[PDB]
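> Here it is, the structure, as structure tokens.
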Amino acid sequence: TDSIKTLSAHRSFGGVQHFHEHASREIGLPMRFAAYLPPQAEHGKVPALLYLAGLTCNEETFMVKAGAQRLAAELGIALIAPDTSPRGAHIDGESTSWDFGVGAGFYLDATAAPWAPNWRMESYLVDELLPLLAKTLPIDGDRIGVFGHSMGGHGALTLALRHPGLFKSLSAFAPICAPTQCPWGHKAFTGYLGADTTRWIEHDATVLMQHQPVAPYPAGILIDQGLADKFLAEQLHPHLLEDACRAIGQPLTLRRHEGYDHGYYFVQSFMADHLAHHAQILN
């Protein structure tokens, strides 16, 4: 039904890669997001995959470095990459550290000031960007999966778990699985939510997975982790999500890969495995 602004468009494996801007009312500022449309989207409504980037990343990171366009065109799936935070809020201290503020929204709604007005990434995706994707793009809104990297794997996990039925499939590259148990999570939660811990635990993939009444993704969750990853011991803790999904019977393929690190040469190397995993469920 609606339009939305186009910053640039490029032909890509027969499909179209788009970059968009819109005036967000959950965030109250202009927001940027990218969208890859495969060649099959000119004849019909295709399933889309939302990709959530990590710390220091924008809505352009994944579209340039992941190499997911080639397989999306072959599988007929759209790709949606939003930003990782609000931009142009000019809040004091929003850029003093790269682990907090700008490029570090943590896919949640901040309750504390000065962040609460604009740091509403969870509501922005769920109640604004995803509905708006069905209104403006050739997407089937009821066939969307989600995946992401580090801060964005924490986001794919926690958003999938907190909005049941919203995402049909689920993947992550090197996710922060237990944000309550790592410095990145302690600092961001303290900043955005303060110290209460109840708001903290409803934003922790491991805590939420422990209390599911049934396996939320019976088709299974796929997670790739490099063993040469600088942040694995301090920040990611995938062993704890492995124990949480065992406890409740959630099938998980957590794969550990010697030699691979945190960055996009790793993400590229397993992108094919994730696109196949999601295409098979959404198709």
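We label chains A, B, ... in the order they appear in the structure tokens, count residues from 1 in each chain, and number ligands from 1 in the order shown.
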From a backbone DSSP assignment, name each residue in segment 51-261 of chain A labelled strand (DSSP E or B), as a PDB file with C-alpha atoms, in the first residue's frame.

```
ATOM      1  CA  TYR A  51      19.620 -10.072   9.257  1.00  0.00           C
ATOM      2  CA  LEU A  52      20.673  -8.210  12.457  1.00  0.00           C
ATOM      3  CA  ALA A  78      14.348 -11.420   0.098  1.00  0.00           C
ATOM      4  CA  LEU A  79      16.998 -10.095   2.509  1.00  0.00           C
ATOM      5  CA  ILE A  80      16.291  -7.317   5.014  1.00  0.00           C
ATOM      6  CA  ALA A  81      19.137  -5.638   6.901  1.00  0.00           C
ATOM      7  CA  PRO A  82      18.171  -2.857   9.277  1.00  0.00           C
ATOM      8  CA  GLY A 101      25.099   3.579  22.168  1.00  0.00           C
ATOM      9  CA  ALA A 104      24.926  -0.957  19.713  1.00  0.00           C
ATOM     10  CA  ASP A 109      13.723  -1.076  24.183  1.00  0.00           C
ATOM     11  CA  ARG A 120      13.661   1.354  20.867  1.00  0.00           C
ATOM     12  CA  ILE A 139       7.176  -9.862   0.831  1.00  0.00           C
ATOM     13  CA  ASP A 140       5.020 -12.506   2.400  1.00  0.00           C
ATOM     14  CA  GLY A 141       4.950 -11.094   5.934  1.00  0.00           C
ATOM     15  CA  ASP A 142       3.998 -14.524   7.316  1.00  0.00           C
ATOM     16  CA  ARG A 143       7.113 -16.236   5.932  1.00  0.00           C
ATOM     17  CA  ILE A 144       9.936 -14.300   7.580  1.00  0.00           C
ATOM     18  CA  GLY A 145      12.891 -15.861   9.316  1.00  0.00           C
ATOM     19  CA  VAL A 146      15.638 -14.135  11.269  1.00  0.00           C
ATOM     20  CA  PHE A 147      19.418 -14.492  11.771  1.00  0.00           C
ATOM     21  CA  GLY A 148      22.322 -12.259  12.799  1.00  0.00           C
ATOM     22  CA  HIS A 149      25.879 -11.920  14.062  1.00  0.00           C
ATOM     23  CA  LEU A 170      16.233 -18.908  13.195  1.00  0.00           C
ATOM     24  CA  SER A 171      20.059 -18.901  12.782  1.00  0.00           C
ATOM     25  CA  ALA A 172      23.005 -17.095  14.304  1.00  0.00           C
ATOM     26  CA  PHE A 173      26.737 -16.526  13.718  1.00  0.00           C
ATOM     27  CA  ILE A 221      18.277 -23.829  15.365  1.00  0.00           C
ATOM     28  CA  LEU A 222      21.620 -23.543  13.534  1.00  0.00           C
ATOM     29  CA  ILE A 223      24.546 -21.689  15.123  1.00  0.00           C
ATOM     30  CA  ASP A 224      28.095 -21.358  13.758  1.00  0.00           C
ATOM     31  CA  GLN A 225      31.019 -20.333  15.979  1.00  0.00           C
ATOM     32  CA  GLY A 226      34.676 -19.842  15.103  1.00  0.00           C
ATOM     33  CA  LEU A 252      20.258 -27.165  18.082  1.00  0.00           C
ATOM     34  CA  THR A 253      23.186 -27.547  15.702  1.00  0.00           C
ATOM     35  CA  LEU A 254      25.891 -25.471  17.307  1.00  0.00           C
ATOM     36  CA  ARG A 255      28.964 -26.025  15.156  1.00  0.00           C
ATOM     37  CA  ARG A 256      32.447 -25.031  16.259  1.00  0.00           C
ATOM     38  CA  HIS A 257      34.976 -24.263  13.534  1.00  0.00           C
TER      39      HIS A 257
END
```
> Run DSSP on the backbone and tell me which residues of segment 12-238 of chain A come out as alpha helix (DSSP H); list them as a ChimeraX atom specification.
/A:61-65,69-75,121-124,130-136,151-162,183-193,198-201,205-210,238
> Looking at only C-alpha atoms, which of A:136, A:150, A:85, A:210 is the one that sits closest to residue 241 of chain A?
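Closest residue, counting only C-alpha atoms: A:210.
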> What is the distance, in Å and to one decimal place, between atom CA of residue 53 of chain A and atom CA of residue 105 of chain A?
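So the two atoms, atom CA of residue 53 of chain A and atom CA of residue 105 of chain A, lie 10.4 Å apart.
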> Which residue is closest to residue 130 of chain A? Choose from A:197, A:237, A:49, A:87 and count only C-alpha atoms.
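Of A:197, A:237, A:49, A:87, the one nearest residue 130 of chain A, counting only C-alpha atoms, is A:49.
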> Tell me which protein, DNA and RNA residues are within 10 Å of segment 191-196 of chain A, counting only C-alpha atoms, leaving out same-chain ones fewer than 6 positions away, and put them as a PyMOL selection string.
chain A and resi 100-101+105-106+108-116+119-120+185
> Output C-alpha atoms for every residue in that selection, as a short mmCIF file (atom, residue, chain, number, x, y, z; two decimals), in the first residue's frame.

```cif
data_model
loop_
_atom_site.label_atom_id
_atom_site.label_comp_id
_atom_site.auth_asym_id
_atom_site.auth_seq_id
_atom_site.Cartn_x
_atom_site.Cartn_y
_atom_site.Cartn_z
CA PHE A 100 27.51 1.10 23.79
CA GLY A 101 25.10 3.58 22.17
CA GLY A 105 21.16 -0.87 20.29
CA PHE A 106 21.09 -4.51 21.59
CA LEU A 108 15.70 -4.05 22.88
CA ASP A 109 13.72 -1.08 24.18
CA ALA A 110 15.69 1.09 26.63
CA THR A 111 13.78 2.25 29.71
CA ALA A 112 16.45 4.58 31.10
CA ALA A 113 17.41 8.12 30.07
CA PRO A 114 18.89 9.66 27.95
CA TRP A 115 18.41 6.53 25.79
CA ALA A 116 14.73 5.66 26.23
CA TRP A 119 16.76 3.46 21.66
CA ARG A 120 13.66 1.35 20.87
CA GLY A 185 25.63 -7.39 28.21
#
```
> When you look at residue 230 of chain A with a cut-off of 9 Å (counting only C-alpha atoms), what residues show up, excluding the ones that are within fewer than 4 positions of it in the same chain? I need them as a PyMOL selection string.
chain A and resi 234+261-262
> Skipping near chain neighbours, those fewer than 3 positions away, what residues fall within 12 Å of residue 67 of chain A using only C-alpha atoms, listed as an MDAnalysis selection string?
chainID A and resid 12:13 36 61:64 70:73 79 264:272 274:275
> Just write the chosen residues, N, CA and C atoms, as an mmCIF file, in the first residue's frame.

```cif
data_model
loop_
_atom_site.group_PDB
_atom_site.id
_atom_site.type_symbol
_atom_site.label_atom_id
_atom_site.label_comp_id
_atom_site.auth_asym_id
_atom_site.auth_seq_id
_atom_site.Cartn_x
_atom_site.Cartn_y
_atom_site.Cartn_z
ATOM 1 N N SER A 12 21.531 -7.041 -8.989
ATOM 2 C CA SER A 12 22.314 -7.977 -8.169
ATOM 3 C C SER A 12 21.834 -9.413 -8.407
ATOM 4 N N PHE A 13 22.613 -10.249 -9.091
ATOM 5 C CA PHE A 13 22.226 -11.617 -9.431
ATOM 6 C C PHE A 13 20.795 -11.661 -9.963
ATOM 7 N N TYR A 36 17.239 -6.652 -0.135
ATOM 8 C CA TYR A 36 17.558 -7.339 -1.401
ATOM 9 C C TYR A 36 16.304 -8.049 -1.912
ATOM 10 N N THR A 61 26.510 -3.156 6.104
ATOM 11 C CA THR A 61 27.511 -4.201 6.436
ATOM 12 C C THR A 61 27.258 -5.543 5.734
ATOM 13 N N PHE A 62 26.161 -6.201 6.089
ATOM 14 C CA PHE A 62 25.737 -7.520 5.566
ATOM 15 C C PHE A 62 25.586 -7.533 4.042
ATOM 16 N N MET A 63 24.921 -6.551 3.431
ATOM 17 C CA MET A 63 24.720 -6.503 1.959
ATOM 18 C C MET A 63 26.051 -6.416 1.207
ATOM 19 N N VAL A 64 27.070 -5.793 1.776
ATOM 20 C CA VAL A 64 28.374 -5.677 1.078
ATOM 21 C C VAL A 64 29.266 -6.894 1.342
ATOM 22 N N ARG A 70 23.690 -13.939 -3.893
ATOM 23 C CA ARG A 70 23.811 -15.059 -4.847
ATOM 24 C C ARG A 70 22.861 -16.197 -4.469
ATOM 25 N N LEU A 71 22.838 -16.605 -3.212
ATOM 26 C CA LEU A 71 21.976 -17.735 -2.786
ATOM 27 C C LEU A 71 20.537 -17.271 -2.609
ATOM 28 N N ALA A 72 20.334 -16.024 -2.236
ATOM 29 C CA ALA A 72 18.955 -15.528 -2.105
ATOM 30 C C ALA A 72 18.281 -15.529 -3.485
ATOM 31 N N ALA A 73 19.013 -15.157 -4.534
ATOM 32 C CA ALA A 73 18.459 -15.131 -5.901
ATOM 33 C C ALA A 73 18.185 -16.556 -6.350
ATOM 34 N N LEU A 79 16.113 -10.316 1.353
ATOM 35 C CA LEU A 79 16.998 -10.095 2.509
ATOM 36 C C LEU A 79 16.706 -8.709 3.074
ATOM 37 N N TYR A 264 33.784 -11.119 9.082
ATOM 38 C CA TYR A 264 32.959 -11.482 7.931
ATOM 39 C C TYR A 264 33.606 -12.474 6.974
ATOM 40 N N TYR A 265 34.898 -12.769 7.118
ATOM 41 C CA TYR A 265 35.403 -13.887 6.344
ATOM 42 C C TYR A 265 34.827 -15.186 6.895
ATOM 43 N N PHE A 266 34.545 -15.215 8.201
ATOM 44 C CA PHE A 266 33.830 -16.331 8.819
ATOM 45 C C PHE A 266 32.372 -16.349 8.387
ATOM 46 N N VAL A 267 31.706 -15.198 8.452
ATOM 47 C CA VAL A 267 30.279 -15.139 8.144
ATOM 48 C C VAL A 267 30.019 -15.585 6.707
ATOM 49 N N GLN A 268 30.808 -15.050 5.771
ATOM 50 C CA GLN A 268 30.741 -15.481 4.380
ATOM 51 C C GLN A 268 30.875 -16.998 4.263
ATOM 52 N N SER A 269 31.810 -17.591 5.009
ATOM 53 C CA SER A 269 32.173 -18.991 4.775
ATOM 54 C C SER A 269 31.014 -19.932 5.068
ATOM 55 N N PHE A 270 30.104 -19.541 5.949
ATOM 56 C CA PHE A 270 28.959 -20.367 6.274
ATOM 57 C C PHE A 270 27.650 -19.732 5.848
ATOM 58 N N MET A 271 27.686 -18.655 5.050
ATOM 59 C CA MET A 271 26.430 -18.015 4.640
ATOM 60 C C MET A 271 25.529 -18.987 3.867
ATOM 61 N N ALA A 272 26.106 -19.730 2.902
ATOM 62 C CA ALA A 272 25.378 -20.780 2.171
ATOM 63 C C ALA A 272 24.634 -21.747 3.092
ATOM 64 N N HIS A 274 23.445 -21.221 6.087
ATOM 65 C CA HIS A 274 22.296 -20.569 6.703
ATOM 66 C C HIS A 274 21.185 -20.323 5.695
ATOM 67 N N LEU A 275 21.528 -19.820 4.502
ATOM 68 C CA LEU A 275 20.486 -19.580 3.509
ATOM 69 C C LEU A 275 19.755 -20.867 3.154
#
```
> Between A:65, A:20, A:25, A:187, which residue has the minimum interatomic distance to residue 117 of chain A, considering only C-alpha atoms?
A:25
> Which is closest to residue 248 of chain A among A:219, A:233, A:91, A:209, if we use only C-alpha atoms?
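For residue 248 of chain A, the nearest of the given residues is A:209.
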